[PDB]
Amino acid sequence: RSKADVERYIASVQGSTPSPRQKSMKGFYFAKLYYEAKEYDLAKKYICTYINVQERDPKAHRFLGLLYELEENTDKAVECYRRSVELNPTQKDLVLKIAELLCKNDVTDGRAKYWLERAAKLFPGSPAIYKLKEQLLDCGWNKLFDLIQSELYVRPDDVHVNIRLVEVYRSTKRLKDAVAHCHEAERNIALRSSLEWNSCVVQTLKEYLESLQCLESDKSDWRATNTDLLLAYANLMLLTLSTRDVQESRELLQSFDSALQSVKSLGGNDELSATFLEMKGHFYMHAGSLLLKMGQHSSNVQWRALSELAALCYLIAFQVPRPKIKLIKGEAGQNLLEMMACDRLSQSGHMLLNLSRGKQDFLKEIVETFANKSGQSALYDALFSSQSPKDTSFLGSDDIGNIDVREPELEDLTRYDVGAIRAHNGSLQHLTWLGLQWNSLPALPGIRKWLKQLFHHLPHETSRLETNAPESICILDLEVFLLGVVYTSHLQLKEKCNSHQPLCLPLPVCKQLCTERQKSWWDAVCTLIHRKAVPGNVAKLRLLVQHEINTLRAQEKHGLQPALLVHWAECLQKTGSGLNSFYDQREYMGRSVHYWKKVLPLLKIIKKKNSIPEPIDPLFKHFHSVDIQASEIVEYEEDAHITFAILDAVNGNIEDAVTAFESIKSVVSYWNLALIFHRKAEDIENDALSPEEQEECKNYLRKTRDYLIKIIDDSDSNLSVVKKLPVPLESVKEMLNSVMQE
Amino acid sequence: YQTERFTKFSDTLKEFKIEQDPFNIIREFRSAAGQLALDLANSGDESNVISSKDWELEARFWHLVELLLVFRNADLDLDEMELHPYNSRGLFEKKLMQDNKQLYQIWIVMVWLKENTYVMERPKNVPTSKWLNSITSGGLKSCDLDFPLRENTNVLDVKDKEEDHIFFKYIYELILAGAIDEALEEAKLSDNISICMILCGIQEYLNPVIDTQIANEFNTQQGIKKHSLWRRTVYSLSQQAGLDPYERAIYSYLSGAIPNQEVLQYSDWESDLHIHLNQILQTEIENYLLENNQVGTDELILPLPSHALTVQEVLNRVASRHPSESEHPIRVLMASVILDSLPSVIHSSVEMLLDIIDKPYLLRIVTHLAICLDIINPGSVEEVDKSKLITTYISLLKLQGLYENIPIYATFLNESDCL
Amino acid sequence: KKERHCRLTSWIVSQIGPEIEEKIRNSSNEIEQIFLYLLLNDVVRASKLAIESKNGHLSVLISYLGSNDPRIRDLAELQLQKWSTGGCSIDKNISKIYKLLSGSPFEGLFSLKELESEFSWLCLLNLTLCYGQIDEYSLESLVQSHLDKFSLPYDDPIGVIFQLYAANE
C-alpha cells in the first residue's frame, strides 16, 4: 500500500455511508490502515474520532495507547491503557504495561506502586515482576541487596535474581562472597541447567582467580573454587552445544581445554583431582558431539572422517573410569559427581553404539587407525585453528594410552541411564532421547525405574481412578505418557528424513523431539510433584495436567491412534508379565487389558476395511505410517486374548485362563500355563493330605516340566521365538532346574 | 496333486444336486479358483505364475458373477421412496440408487473393481509432522497447503515434495481401492488435516431429523449442503498445476473426472474402467439432482460435462485403450456379464467349437457357468448349447481319466442315456 | 429452527453488507479478501477467490463453512494448536479462516476477539451465528454464547433486541 491506497479509500466509504456518526464510526477502521502506512499523526486523529463516538471500546482505546507508546507520550499512552483496562478487566497484559510504564517514568507517586502490586498478583512471580520491583527501587547499595535476598528467599530457582546477587557482590568487590554463593548454588539442580547462570559462574570464578583477594587470603580453598569452574565449564558446554551455533560452541571448547591444561599440573588425590578425572571425559564426549555437529551440515567425506574422529572422542570418554566418589567432603557433592559420571557413560555409550552399528566392528578400525598420535593432531586440526599454541592445549598433551576398544554392554548402559535420569533435571528432551536411543536396541529400557528415580513414592496406580483430577497421577500414567512421546517422536522424525541417521544424532545437537504440548505437560506435572510450583499458578498447572489425563487413560475423546493404544497394551503386558510381585503384575496387566478393551472395537471396524473417525487436535500425532492393517488384526485379537487370560489368572479365574491359554499354542502361553501349573503343585506337594490328591498334585508338576521343555525346544530351534519369550531364556531354564529337582 | 482341480468344481455340483441358494455354487466356484490361484502362486515354476494369474482372474470372474446375478435375480421388489422438495440431496441420491437398477449395477461393478485393486504397503518412516523440512530451513511464511501456490513452488524443500509425493500416491491407491476410512485415518495421523477435511466433502447432505427415512442410519446431520460447489471447487483444484500429480489425480477422481496423464498412463483395464464408471456415475447423480431442482444456481461455478456415457461405450473405449488385456478370454466374459450379453457369449464360444481349445480354463468355465445359469434361471442357455458344452468337457474328463465323476454332469439331459 | 436461522443470518448480512464491501475495496491482500467474503457469509466467492488466487486447498476447506461437521471442527482446532506451539509462521488470515472452521472463533485460543476493534459488533455476531456450532445450540443460547464474549453499547436498540431474544429464561 501507499498514501494513495489509504486516502483513496476515504472516498470509498464516504460514498457508502455519509452521515457524521457512521463517518466517525469508521475512524478505527480508517486508522487501522494508517498505522500500516506509517502515518502516526494522521492515524492518531482517525482513531481519536472513532473514540469520540465509540468511547466504550477497549480495543480502540488500547490501540490509541499503543500508538501513543510509539509517540513515547507516557502520560497519554498510560491513560489510554487505563480506559481499556477499566472497561475490560480480562486484559491482564495491559495491567503489566501500566505497571511497567508507571515505574519507568516516575516512582514518586504511589500510583506506580499500586499498579505494580496488581501486576504481581496477575503474573505470580513472573520474570518481569521482579524487573519492575528493581526499577521502582532505582529512583542505597544495602537497599538493593535486601530486595534480592528477600526475593531469593521465596524464589531461589530464579536464574536472573541469583545472577544479580553475584553482580551486586561483584559491584562491592567482595568477590569471595560472590564465589561463595556461586559455589553453594552449584548444588542447585535447576541453576546448574541454566545456560546464562553457568556463564555467570565461569566469569565470577575467573575474576576471583586473578583477583587480588584470592592470593592474599590463602591458598587452601584455592583448589575448592577451582573445581567449580571445571564443573561449570561442563554444564556450560552441554548447554552451549545444544542452543548456540557452531562458532560459539567451538570457542567454549578452547576455554575448557585451557582450564584442563592449567589444572592437570597440580594433581593430588582430592576432590579437585577426582573432578578433573570426570570432567576430562566430558571434554572428549562434548568434543565428539561438537565434531558430529559440524559434519552433519558438511559433506559425506567430512562426515565419515569427523564421525570417525567423534567415535574416538566418545570412546575416550566412555573408557574414563567412574570417579572416586568416596573421596569428596560431602554427600551432596559426591552424589552430584556420580550423577555426571552416569550421564557421561550413558550419552557417550549410546553414541558409541549407534556409530558402531553402521559397520562390522567399526569401533576396532577407529582405534587401530586414529589411536595413533597422528589422530591426536588430526583431532586438534579439525577442532581448532592450528595457530593457537599446541603446548598449553590439554587436547594436544593428553596421553591416549590403551584405548579399551570394547563396545559397551547393554546391562551396564541401563544402570548408567537410570543413574543419570536426574542429570538434566529429567527434561522430556532427556528421556525422549534415551527412549529413542533404546528404540533401535534389542533390550528395552527400564522406564518404570526411571520414573521411580524422578517421582519417589508416586503410586504405580491411583485408587481414585474414577476422576481425572491430577492428584491421582500415577507412575503408570507417566509410563504410558513417555511411551507415546517416544512412539510419536520416532514417527515424526521418520517422516522428516523421508522427505530429506535419526538415531545417530547426539543429544545436544538435536532439536525438540516432542510437541510443545507434551513438553508443557511434563514440565507441569514435574513442577507440581516436586513441589516447585507457584501458589498463584497452582490452579493453572493443575488444570494443564488435568487436560491430558483423560487421554493417557483412554477416556472420553482420547487423541489416540489405534496403533498407539495397541503399542501401549502389549508394551505394558510384556512389561508386567516379567515382573515378580503380584501387585505390579496386576496393575500393569489391568491397564493393558483396559487399553486392549478400547482398541478391539476399533479393530473390528478396521477388520471390515472401514474408516476410523479421525481426531480433533490429538495429543499424540496420528500417522498413516503405522495405521493398522487387516494383515495384523487377527494377531492382535490373539495377543489381546492372552492379556485377558493373564489377568484372569492373576485374579483367580484359573479355569477360564487355562481354557484360553491352551486354545492358542504360543510360547508365552506356555510360560503362563507352566507358571500356574507349578503353583498348584508346589503348595500341595508336601503337606499331609489324601494320597490320591497327592498323585494329582504331582501330575501338575509333570505338566510344568513338559511346558518348560517345549519352551526350550522351540526356543533353541528358532530365534524369532527367543524374542517372544515373556521372560529371559536363562530364567526359563533356571525354573526348570528347580522344577525337576523337586 | 493339483490335477485335482475338476474335482473341486465337480464336488460343488455334487453337493448342490444332493441337498434336495444355487448362488452358493458360484460362491464355491470362486473360492475354488482362489484356492487354486494360491497353489500355483506360492512356490512354482515361472511357467506357473501365468496360469496362477489366470486362476486369480477366474476367481474374480466368479465373484463378479455372484454379485450381479444375486442383485438381478434375487430381485424381490421393495417399497418405493416418497421424497419431498424439502428433503436433502442425500435422500435424492439414495432414491436414485434405489429406483434406477441400471445405475446401481454400475455401483455393484465399481464395488467389485475396488475389491480387487492393489494397494502399496503403508509408507514407513513417515515424518513427525508436515512440511517440517521447509519450516526448519525457514521460508514458510504460512504453514498452509496453499502457500506455495500463492507464490512460486520454490518455497517447498525438495524432501518435503518427495514426501508429499509418497503420501498423495498412497492416499490415491487407497481411494481407488475403496479404502476411504483408511485414507481419512492416514490423513489425520500423518498431519494432513486439511487434506482429510477435503476427503470429508465426499458425502452428500443428510439430516436424520428432516430426512426421516434415514433417521435409523444417522443420529446427527452430516455431509455438505453445497455439494455442486464442493465438486467444482475440487475439480478446479484438480486442474491447478504445481500440485503433485497424485494429489491432482485424487481431486480428479473426487470430482467425477479423469485423472491427469502422468497418473492415468499407469492404470490398467480394471483401473481405467473403474475411473470411467466413476465418471458415468458422478455425472448421472448430478443430472438426477438438476432434474429435481435440488441444485442451486450459485453453485454452478464451472462447467463439468453433463453427458453420461453408457456402460457399453465405456467398455468399448477402455477396450480399445487396453486391447491386449481386453481380449483376454475371461475378461471378455467379465464384460459379457457386465452387459448381460452372457448366454449371447456362451452360444458364441460354443460355435468356436465347430482357439478356444488352446486355453484350458475356458472350456471348463463356460460349461460350469452355463450350468449355474440354467440352475438359477431355468431356460437361460439354449438346451443344445448345454448339450455341446457338457459333451466336450466330459470327453476331457475322459482324457484326464476322471470317469469317476461324470454322472454328476450327466444330470442335465436325456442324452445322458448315451453314457 | 433452520428457517429462522437462515433469515436472521441473511438479514445480518444485509446490514453489515456495505461495511465489509468497503473493507474489501481497500484490502491489498487476497487471503484477507477471502476472509472478508466469509464475513459476508458468502462461502462460494471465498472458495472462488481462493481458487483464483491459487489458494486451492484453502478453497476446498472453505466449502465446509456452514456444515457443522465436528470432525472438521476438531481437526481445524488441532491444526491451530500445532501452529500455536512452534509453527514458525502462519499467514495472519489463513489462521483466521481456520479459526472459523474451528467453530469457536472468539471462545478460543487463536481468538478473533481482537477484531472487536475492527468490526461492527453485529459483524462478529454473524460469525458466531453462521459457523459457531449451529446444530448443537438453540438460536437463543448460541446468540447468548456470543453476547457473553462481548459487551454491546448500552444505547444501541438492535443490540437490546438480541439481548432480549437470547435472555429467554
# chains A, B, ... in the order shown; residues from 1 in each chain; ligands from 1
$ residues_around --residues "residue B:262" --least-positions-apart "2" --cutoff "12 Å" --atoms "only C-alpha atoms" --output "list in words"
residues 169, 244, 245, 246, 247, 248, 249, 258, 259, 260, 264, 265, 266 and 267 of chain B
$ residues_around --residues "stretch 249-255 of chain A" --least-positions-apart "5" --cutoff "8 Å" --atoms "only C-alpha atoms" --output "list in words"
residues 237, 240, 241, 244, 283, 287, 290, 383, 384 and 393 of chain A
$ interface_residues --of "chain A" --to "chain B" --cutoff "10 Å" --atoms "only C-alpha atoms" --output "compact mmCIF listing (two decimals) with C-alpha atoms, in the first residue's frame"
# COMPACT_ATOMS: atom_id res chain seq x y z
CA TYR A 487 6.35 -43.53 19.68
CA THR A 488 5.16 -40.14 18.41
CA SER A 489 8.65 -38.64 18.23
CA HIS A 490 10.08 -41.58 16.27
CA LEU A 491 7.33 -41.37 13.65
CA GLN A 492 7.73 -37.60 13.27
CA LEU A 493 11.49 -37.88 12.68
CA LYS A 494 10.94 -40.86 10.37
CA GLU A 495 8.68 -38.65 8.25
CA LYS A 496 11.26 -35.85 8.26
CA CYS A 497 14.20 -37.89 6.98
CA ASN A 498 11.92 -39.47 4.37
CA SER A 499 11.49 -36.03 2.81
CA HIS A 500 15.25 -35.44 3.06
CA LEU A 513 11.76 -34.08 19.73
CA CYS A 514 8.34 -33.69 21.40
CA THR A 515 5.45 -31.33 20.77
CA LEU A 560 -5.09 -41.98 20.39
CA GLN A 561 -4.42 -43.76 17.13
CA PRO A 562 -5.32 -47.47 17.42
CA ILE A 605 -14.37 -51.74 12.25
CA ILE A 606 -10.87 -51.81 10.75
CA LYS A 609 -11.99 -52.22 5.92
CA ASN A 610 -13.90 -49.17 7.12
CA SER A 611 -12.72 -45.70 8.19
CA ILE A 612 -11.75 -44.63 11.70
CA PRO A 613 -13.13 -41.27 12.90
CA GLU A 614 -10.05 -39.07 12.90
CA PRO A 615 -9.34 -36.95 15.98
CA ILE A 616 -9.69 -33.28 16.87
CA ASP A 617 -6.31 -31.74 17.74
CA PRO A 618 -4.93 -35.03 19.12
CA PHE A 620 -0.33 -37.89 20.05
CA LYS A 621 0.01 -37.16 16.34
CA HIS A 622 -1.71 -39.68 14.09
CA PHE A 623 0.28 -41.31 11.29
CA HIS A 624 -0.68 -43.45 8.31
CA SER A 625 2.85 -44.87 8.50
CA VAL A 626 1.70 -47.25 11.25
CA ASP A 627 -2.04 -47.41 10.52
CA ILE A 628 -3.27 -50.89 11.42
CA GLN A 629 -3.86 -53.30 8.54
$ closest_residue --among "C:3, C:155, C:118, C:140" --to "chain B" --atoms "only C-alpha atoms"
C:3
$ closest_atom_pairs --of "chain C" --to "chain B" --cutoff "8 Å" --atoms "only C-alpha atoms" --output "tab-separated table"
residue	atom	partner	partner_atom	distance
C:44	CA	B:229	CA	7.1
C:47	CA	B:233	CA	7.0
C:48	CA	B:233	CA	7.6
C:51	CA	B:237	CA	6.9
C:53	CA	B:150	CA	6.4
C:54	CA	B:150	CA	5.4
C:55	CA	B:146	CA	4.7
C:56	CA	B:237	CA	5.3
C:57	CA	B:146	CA	5.6
C:58	CA	B:146	CA	6.3
C:59	CA	B:233	CA	6.8
C:60	CA	B:198	CA	6.0
C:61	CA	B:198	CA	6.3
C:63	CA	B:230	CA	5.8
C:64	CA	B:224	CA	6.8
C:67	CA	B:224	CA	5.7
C:68	CA	B:222	CA	7.9
C:69	CA	B:222	CA	6.5
C:72	CA	B:197	CA	5.9
C:75	CA	B:193	CA	6.1
C:76	CA	B:193	CA	7.4
C:79	CA	B:193	CA	7.0
C:83	CA	B:143	CA	7.9
C:87	CA	B:143	CA	7.5
C:88	CA	B:135	CA	6.7
C:89	CA	B:141	CA	5.1
C:90	CA	B:142	CA	3.7
C:91	CA	B:142	CA	4.5
C:94	CA	B:144	CA	7.3
$ residues_around --residues "stretch 183-193 of chain A" --least-positions-apart "5" --cutoff "8 Å" --atoms "only C-alpha atoms" --output "ChimeraX atom specification"
/A:157-159,198,225,228,232,235,239,332-333,336,424-425
$ residues_around --residues "residue A:303" --least-positions-apart "3" --cutoff "12 Å" --atoms "only C-alpha atoms" --output "list in words"
residues 291, 292, 293, 294, 295, 296, 297, 298, 299, 300, 306, 307, 308, 309, 310, 311, 355, 382, 501 and 504 of chain A
$ interface_residues --of "chain A" --to "chain C" --cutoff "8 Å" --atoms "only C-alpha atoms" --output "list in words"
residues 1, 5, 6, 9, 12, 13, 16, 28, 29, 32, 56, 57, 58, 59, 60, 515, 516, 517, 613, 614, 615, 616, 617 and 618 of chain A
$ write_last_selection --atoms "N, CA and C atoms" --output "PDB file, in the first residue's frame"
ATOM      1  N   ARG A   1       0.825  -1.203   0.000  1.00  0.00           N
ATOM      2  CA  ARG A   1       0.000   0.000   0.000  1.00  0.00           C
ATOM      3  C   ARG A   1       0.864   1.259   0.000  1.00  0.00           C
ATOM      4  N   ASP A   5      -3.408   4.574  -1.601  1.00  0.00           N
ATOM      5  CA  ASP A   5      -4.311   3.459  -1.332  1.00  0.00           C
ATOM      6  C   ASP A   5      -5.229   3.758  -0.153  1.00  0.00           C
ATOM      7  N   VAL A   6      -4.706   4.405   0.885  1.00  0.00           N
ATOM      8  CA  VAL A   6      -5.484   4.628   2.098  1.00  0.00           C
ATOM      9  C   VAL A   6      -6.330   5.891   1.996  1.00  0.00           C
ATOM     10  N   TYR A   9      -9.388   5.292  -0.223  1.00  0.00           N
ATOM     11  CA  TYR A   9     -10.478   4.602   0.457  1.00  0.00           C
ATOM     12  C   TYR A   9     -11.366   5.568   1.229  1.00  0.00           C
ATOM     13  N   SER A  12     -14.135   5.952  -0.750  1.00  0.00           N
ATOM     14  CA  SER A  12     -14.832   4.689  -0.967  1.00  0.00           C
ATOM     15  C   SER A  12     -15.991   4.528   0.010  1.00  0.00           C
ATOM     16  N   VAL A  13     -15.716   4.638   1.311  1.00  0.00           N
ATOM     17  CA  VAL A  13     -16.779   4.543   2.305  1.00  0.00           C
ATOM     18  C   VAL A  13     -17.490   5.875   2.501  1.00  0.00           C
ATOM     19  N   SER A  16     -20.414   5.519   0.618  1.00  0.00           N
ATOM     20  CA  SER A  16     -21.276   4.436   1.069  1.00  0.00           C
ATOM     21  C   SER A  16     -22.018   4.752   2.357  1.00  0.00           C
ATOM     22  N   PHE A  28     -11.856   4.041  13.446  1.00  0.00           N
ATOM     23  CA  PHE A  28     -10.977   2.960  13.879  1.00  0.00           C
ATOM     24  C   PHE A  28     -10.508   2.133  12.689  1.00  0.00           C
ATOM     25  N   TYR A  29     -11.410   1.850  11.750  1.00  0.00           N
ATOM     26  CA  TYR A  29     -11.051   1.067  10.573  1.00  0.00           C
ATOM     27  C   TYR A  29     -10.354   1.907   9.517  1.00  0.00           C
ATOM     28  N   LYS A  32      -6.970   1.923  11.096  1.00  0.00           N
ATOM     29  CA  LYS A  32      -6.363   0.599  11.004  1.00  0.00           C
ATOM     30  C   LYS A  32      -5.321   0.532   9.896  1.00  0.00           C
ATOM     31  N   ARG A  56     -16.545   3.540  24.505  1.00  0.00           N
ATOM     32  CA  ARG A  56     -16.537   2.400  25.410  1.00  0.00           C
ATOM     33  C   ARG A  56     -15.874   1.165  24.810  1.00  0.00           C
ATOM     34  N   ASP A  57     -15.144   1.311  23.706  1.00  0.00           N
ATOM     35  CA  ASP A  57     -14.481   0.173  23.081  1.00  0.00           C
ATOM     36  C   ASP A  57     -13.102  -0.017  23.701  1.00  0.00           C
ATOM     37  N   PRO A  58     -12.834  -1.137  24.380  1.00  0.00           N
ATOM     38  CA  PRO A  58     -11.490  -1.328  24.947  1.00  0.00           C
ATOM     39  C   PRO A  58     -10.419  -1.520  23.890  1.00  0.00           C
ATOM     40  N   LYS A  59     -10.774  -2.041  22.714  1.00  0.00           N
ATOM     41  CA  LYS A  59      -9.789  -2.230  21.654  1.00  0.00           C
ATOM     42  C   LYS A  59      -9.306  -0.890  21.111  1.00  0.00           C
ATOM     43  N   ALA A  60     -10.238   0.001  20.774  1.00  0.00           N
ATOM     44  CA  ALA A  60      -9.854   1.301  20.230  1.00  0.00           C
ATOM     45  C   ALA A  60      -8.995   2.078  21.221  1.00  0.00           C
ATOM     46  N   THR A 515       6.274 -32.508  21.016  1.00  0.00           N
ATOM     47  CA  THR A 515       5.449 -31.334  20.772  1.00  0.00           C
ATOM     48  C   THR A 515       5.441 -30.445  22.011  1.00  0.00           C
ATOM     49  N   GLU A 516       5.417 -29.128  21.792  1.00  0.00           N
ATOM     50  CA  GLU A 516       5.400 -28.195  22.915  1.00  0.00           C
ATOM     51  C   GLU A 516       4.267 -28.513  23.881  1.00  0.00           C
ATOM     52  N   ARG A 517       3.162 -29.064  23.373  1.00  0.00           N
ATOM     53  CA  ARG A 517       2.083 -29.514  24.245  1.00  0.00           C
ATOM     54  C   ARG A 517       2.587 -30.566  25.225  1.00  0.00           C
ATOM     55  N   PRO A 613     -12.886 -42.714  12.753  1.00  0.00           N
ATOM     56  CA  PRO A 613     -13.134 -41.273  12.904  1.00  0.00           C
ATOM     57  C   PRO A 613     -11.889 -40.561  13.401  1.00  0.00           C
ATOM     58  N   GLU A 614     -11.301 -39.724  12.553  1.00  0.00           N
ATOM     59  CA  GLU A 614     -10.050 -39.068  12.895  1.00  0.00           C
ATOM     60  C   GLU A 614     -10.265 -38.075  14.035  1.00  0.00           C
ATOM     61  N   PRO A 615      -9.199 -37.716  14.740  1.00  0.00           N
ATOM     62  CA  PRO A 615      -9.338 -36.954  15.981  1.00  0.00           C
ATOM     63  C   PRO A 615      -9.388 -35.446  15.759  1.00  0.00           C
ATOM     64  N   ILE A 616      -9.664 -34.737  16.850  1.00  0.00           N
ATOM     65  CA  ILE A 616      -9.688 -33.281  16.871  1.00  0.00           C
ATOM     66  C   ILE A 616      -8.500 -32.827  17.709  1.00  0.00           C
ATOM     67  N   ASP A 617      -7.495 -32.249  17.060  1.00  0.00           N
ATOM     68  CA  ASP A 617      -6.307 -31.741  17.742  1.00  0.00           C
ATOM     69  C   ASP A 617      -5.774 -32.805  18.711  1.00  0.00           C
ATOM     70  N   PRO A 618      -5.338 -33.955  18.212  1.00  0.00           N
ATOM     71  CA  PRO A 618      -4.927 -35.033  19.118  1.00  0.00           C
ATOM     72  C   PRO A 618      -3.669 -34.679  19.895  1.00  0.00           C
TER      73      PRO A 618
END
$ residues_around --residues "residue C:12" --least-positions-apart "2" --cutoff "8 Å" --atoms "only C-alpha atoms" --output "list in words"
residues 8, 9, 10, 14, 15, 16, 122, 123 and 126 of chain C
$ write_last_selection --atoms "N, CA, C and O atoms" --output "short mmCIF file (atom, residue, chain, number, x, y, z; two decimals), in the first residue's frame"
data_model
loop_
_atom_site.label_atom_id
_atom_site.label_comp_id
_atom_site.auth_asym_id
_atom_site.auth_seq_id
_atom_site.Cartn_x
_atom_site.Cartn_y
_atom_site.Cartn_z
N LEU C 8 -32.33 -14.83 9.83
CA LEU C 8 -31.60 -13.94 10.72
C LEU C 8 -30.25 -13.64 10.08
O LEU C 8 -29.77 -12.50 10.10
N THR C 9 -29.66 -14.66 9.48
CA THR C 9 -28.28 -14.51 9.05
C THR C 9 -28.23 -13.79 7.71
O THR C 9 -27.33 -12.98 7.46
N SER C 10 -29.24 -14.02 6.87
CA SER C 10 -29.41 -13.22 5.66
C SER C 10 -29.61 -11.74 6.00
O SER C 10 -29.12 -10.85 5.30
N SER C 14 -27.41 -8.42 5.30
CA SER C 14 -27.97 -7.18 4.72
C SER C 14 -27.39 -5.95 5.40
O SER C 14 -27.07 -4.96 4.75
N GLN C 15 -27.27 -6.02 6.72
CA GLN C 15 -26.80 -4.87 7.50
C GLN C 15 -25.30 -4.63 7.33
O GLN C 15 -24.89 -3.52 6.97
N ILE C 16 -24.50 -5.65 7.60
CA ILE C 16 -23.05 -5.50 7.53
C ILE C 16 -22.53 -5.29 6.10
O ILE C 16 -21.39 -4.88 5.91
N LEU C 122 -22.17 -6.49 15.34
CA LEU C 122 -23.09 -7.29 14.55
C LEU C 122 -22.35 -8.19 13.56
O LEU C 122 -22.73 -9.35 13.35
N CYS C 123 -21.31 -7.65 12.94
CA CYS C 123 -20.47 -8.42 12.02
C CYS C 123 -19.87 -9.66 12.68
O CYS C 123 -19.92 -10.75 12.11
N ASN C 126 -22.42 -12.24 13.50
CA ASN C 126 -22.72 -13.01 12.31
C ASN C 126 -21.82 -14.24 12.25
O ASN C 126 -22.29 -15.34 11.97
#
$ select_by_dssp --residues "stretch 234-384 of chain B" --states "alpha helix (DSSP H)" --output "PyMOL selection string"
chain B and resi 234-239+245-254+261-264+269-291+311-321+323-327+329-338+342-351+360-376+383-384
